[PDB]
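# pasting an experimental structure with its sequence.
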Amino acid sequence: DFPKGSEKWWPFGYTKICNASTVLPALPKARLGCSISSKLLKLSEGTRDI
């Protein structure tokens, strides 16, 4: 929640914490990646090397 005194936010986020007048909590960084799916991964026991 915004503290009582003011409700203000940046329409496209922000990258620095200390700005012209105040200090904001950091935003989490973007989650990027991918995944692979195939039948060779059906492995139930023993030593497995992929």
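Here it is on my side, so go on. Numbering: from 1, shown residues only.
# residue 18: how many residues sit nearby?
Counted by other CB atoms under 10 Å, the residues lying close to residue 18 total 8. No exception for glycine: its C-beta is placed from N, CA and C like everyone else's.
# state the distance from it to residue 26.
Distance of residue 18 to residue 26, given as CB to CB, to the nearest Å: 11 Å.
# again with residue 40
Distance from residue 40 to residue 26, by CB to CB: 40 Å.
# who's sitting farthest from the centroid in this structure?
residue 46 (35.4 Å; CA atoms, centre = their mean).
# got the CA coordinates for stretch 17-32 in CSV?
The C-alpha trace of stretch 17-32 is given here as CSV (Å, rounded to 0.1, in the frame of the first residue of the first chain):
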residue,chain,number,x,y,z
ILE,A,17,16.3,3.8,-6.2
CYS,A,18,17.2,7.3,-5.2
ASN,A,19,15.5,9.9,-7.4
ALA,A,20,15.1,13.7,-7.2
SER,A,21,13.4,13.7,-3.8
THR,A,22,12.9,10.2,-2.4
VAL,A,23,13.9,6.6,-2.1
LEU,A,24,11.9,3.7,-3.5
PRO,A,25,12.2,-0.1,-3.0
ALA,A,26,13.8,-1.8,-6.0
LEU,A,27,11.7,-3.5,-8.6
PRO,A,28,12.3,-7.2,-9.3
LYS,A,29,14.2,-8.0,-12.4
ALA,A,30,12.6,-9.5,-15.5
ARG,A,31,12.1,-13.3,-15.8
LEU,A,32,13.4,-14.6,-19.1
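# before we move on, the earlier item: which one's more surrounded, residue 40 and residue 26?
Neighbours were counted for residue 40 and for residue 26 using other CB under 10 Å; residue 26 has more, 9 against 6.
# my read is that the more buried one contacts residue 17, right?
Yes: the pair formed by residue 26 and residue 17 meets the contact definition of CB atoms under 8 Å, at 5.8 Å.
# what's the distance between residue 17 and residue 27?
Residue 17 is 9 Å from residue 27, by CB to CB.
# same check on residue 37?
31 Å.
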